Novice: 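Here it is, the structure, as structure tokens.
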Amino acid sequence: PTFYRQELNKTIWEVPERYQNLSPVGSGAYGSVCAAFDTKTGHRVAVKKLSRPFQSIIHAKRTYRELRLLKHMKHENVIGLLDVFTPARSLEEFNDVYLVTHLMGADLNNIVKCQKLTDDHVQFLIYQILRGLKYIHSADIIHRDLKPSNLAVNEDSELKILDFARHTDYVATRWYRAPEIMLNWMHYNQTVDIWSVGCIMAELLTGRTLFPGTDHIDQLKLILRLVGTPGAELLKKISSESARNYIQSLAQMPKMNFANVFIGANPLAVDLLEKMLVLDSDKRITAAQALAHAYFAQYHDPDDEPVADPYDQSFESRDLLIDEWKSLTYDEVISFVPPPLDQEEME
Ligand SMILES: Nc1nccc(-c2c(-c3ccc(F)cc3)ncn2C2CCNCC2)n1
Ligand SMILES: CCCNS(=O)(=O)c1ccc(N2C(=O)C=CC2=O)cc1
Ligand SMILES: [Ca+2]
Ligand SMILES: [Ca+2]
Ligand SMILES: [Ca+2]
């Protein structure tokens, strides 16, 4: 294919002539994104140019990680790949990676900002998050930083999870993070993401951030004001003695009845929130269980809530050289098989 060059976000993009009318639509994890028109199919796409993918051992493994993950994700509520390309003609020239997915116009913050959502609409939005989470969790993939800005949404309220790192190479919101993540507790499970769903859903119902803490201690205090002081057994999860002593020293707070907090909400929504927003992560409802909850009765369809194929993450424990990660990434670019344009059939 013929490539052309265009300066976007102050850097040269080099893309096949198949993709036209590129214009920036913001940054993603380790990359920046442009909307484009795919002249082969007439579809609107988003193209992410990875930022400096092989600049360091951290970037190189992150690049491989992201490409492997996105090549595996095949679910209507999870960002996956229509195409992956590089202007490189060989491994020796290979320094840039572009990922292509269907264009989504907005994020969840654009949905709830200027609209009092109906309960039926909130149901649909949360349902889709949970359906996507069931799929990713079934492949032993945890998001760990689920939040409205990591939920891409189109003009019809269809939603996809994205941006789901080992090493430190921007100030992120922590308001949606599970307590065990935010405070670095020693162990956690897939239900970290269910806490985040609870935080998101609460905000869709009230129009207000549930736990808008100014720092991690203020956020913890806001959380405990809602869910109540936890037992000693939760201290078992916390390595730092200073942290444990502090939590233990706090004045004891009762759990609030969520029906007194979410005034006017559908009682089924309140019940679901009670099942998601619990500190005991082993008692937190799972994504698959939440999909069966009566709150989603009008959307739930067990024939259309699939799980993922097994996902081999053994590479995560390996230290390889930068050129080895680069070569493996090149292999994954070259081996990518685009999906059919139409992959769905009437039920
Ligand atoms: N507009 C739009 N549409 C779809 C996805 C994205 C996208 C991607 C991304 C990921 C993989 C890929 F192959 C192509 C793009 N990464 C971050 N974003 C965000 C850009 C700003 N927030 C909303 C989504 N943006
Ligand atoms: C963070 C809650 C603090 N309490 S609040 O800000 O006053 C409040 C705001 C909105 C609601 N609500 C629902 O729950 C459903 C419809 C609706 O109006 C309830 C409470
Ligand atoms: Ca259906
Ligand atoms: Ca079809
Ligand atoms: Ca069916």
Side-chain angles (χ1 to χ4, degrees), residues 28-29 65-66 69-80 101 104 107-109 111 121-154 157-165 173-182 188-205 210 268-269 271-282 284-311 313:
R65 176 183 299 121
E66 175 165 18
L69 177 58
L70 274 36
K71 286 182 61 172
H72 198 72
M73 294 298 93
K74 303 174 174 192
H75 188 282
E76 66 183 310
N77 299 118
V78 182
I79 293 279
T101 193
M104 309 288 284
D107 69 33
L108 189 58
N109 288 318
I111 302 285
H121 189 186
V122 173
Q123 284 177 30
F124 180 49
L125 292 165
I126 303 303
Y127 174 79
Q128 293 176 87
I129 299 166
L130 290 166
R131 190 159 68 162
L133 286 180
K134 174 185 182 187
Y135 176 88
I136 68 154
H137 290 175
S138 75
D140 289 0
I141 298 153
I142 303 174
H143 192 295
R144 300 179 178 80
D145 204 9
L146 194 61
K147 56 184 127 193
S149 61
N150 286 335
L151 300 168
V153 186
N154 70 14
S157 278
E158 303 175 330
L159 174 146
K160 298 183 193 182
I161 298 163
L162 76 150
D163 287 350
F164 51 86
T173 295
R174 297 164 191 239
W175 289 347
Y176 309 86
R177 281 176 187 181
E180 57 264 37
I181 302 289
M182 191 248 303
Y188 61 83
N189 56 42
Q190 300 162 351
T191 71
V192 297
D193 294 333
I194 297 296
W195 181 270
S196 304
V197 177
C199 291
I200 291 164
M201 176 173 164
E203 184 169 343
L204 298 190
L205 294 165
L210 184 55
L268 294 176
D271 178 73
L272 182 62
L273 286 169
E274 294 264 15
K275 293 172 166 46
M276 294 178 160
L277 292 167
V278 295
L279 285 171
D280 194 327
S281 72
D282 291 280
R284 217 172 278 157
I285 191 169
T286 70
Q289 292 166 339
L291 290 165
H293 192 282
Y295 187 54
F296 307 113
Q298 72 177 315
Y299 300 106
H300 177 48
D301 184 348
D303 283 339
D304 194 26
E305 298 163 2
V307 296
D309 283 335
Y311 187 49
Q313 296 198 72

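Residue numbers start at 1 and run along the sequence shown.
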Novice: State, to 0.1 Å, how close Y127 and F296 come at their nearest heavy-atom pair, and which atoms those are.
Specialist: N-CE2, 3.6 Å

Novice: State, with a plain yes or no, whether a side-chain heavy atom of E203 is found less than 4.5 Å away from one of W175.
Specialist: no

Novice: Would you give the length of the straight line joining atom CD of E305 to atom CG of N77, rounded to the nearest 0.5 angstrom?
Specialist: 10.0 Å

Novice: To check you understand the geometry: which heavy-atom pair defines the closest contact between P179 and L279, and what is its length?
Specialist: CG-CD2, 3.6 Å

Novice: Please examine the side chains of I181 and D145, heavy atoms only from C-beta on, and report whether any two atoms are closer than 4.5 Å.
Specialist: no

Novice: Can you confirm whether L277 sits close enough to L210 that some side-chain heavy atom of one is under 4.5 Å from a side-chain heavy atom of the other?
Specialist: yes

Novice: Would you indicate whether the side-chain heavy atoms of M73 and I141 approach each other to under 4.5 Å?
Specialist: yes

Novice: Determine whether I129 and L146 make a side-chain contact, defined as any pair of heavy atoms from C-beta on separated by less than 4.5 Å.
Specialist: yes

Novice: When you compare the side chain of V122 with that of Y295, does any pair of heavy atoms fall below 4.5 Å?
Specialist: yes

Novice: Does the side chain of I142 come within less than 4.5 Å of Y188's, by heavy atoms?
Specialist: yes

Novice: Does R131 pair with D304 as a salt bridge, N-O distance under 4.0 Å?
Specialist: yes

Novice: List for me each residue that meets side chain to side chain contact (heavy atoms under 4.5 Å, CB included) alongside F124, sequence neighbours excluded, and say none if there are none.
Specialist: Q128, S157, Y299

Novice: Could I get the full list of salt bridge (charged side-chain N to carboxylate O under 4.0 Å, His left out) partners for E158, not counting sequence neighbours?
Specialist: none

Novice: Could you measure the distance from the CG atom of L133 to the CG atom of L291? Nearest 0.5 Å is fine.
Specialist: 9.0 Å

Novice: Check whether any side-chain heavy atom of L272 sits under 4.5 Å from a side-chain heavy atom of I285, and report yes or no.
Specialist: yes

Novice: Would you say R174 has more than 12 foreign heavy atoms packed within less than 6.0 Å of its CZ?
Specialist: no

Novice: Compare every heavy atom of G80 with every heavy atom of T101, then report the nearest pair and how far apart it is.
Specialist: OG1-O, 2.7 Å

Novice: Which pair of non-hydrogen atoms, one from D140 and one from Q190, has the smallest distance, and what is that distance?
Specialist: OD1-NE2, 3.4 Å

Novice: Between the main-chain N or O of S281 and the side-chain N or O of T191, is there a donor-acceptor pair closer than 3.5 Å?
Specialist: yes

Novice: Could I get the full list of salt bridge (charged side-chain N to carboxylate O under 4.0 Å, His left out) partners for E66, not counting sequence neighbours?
Specialist: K48

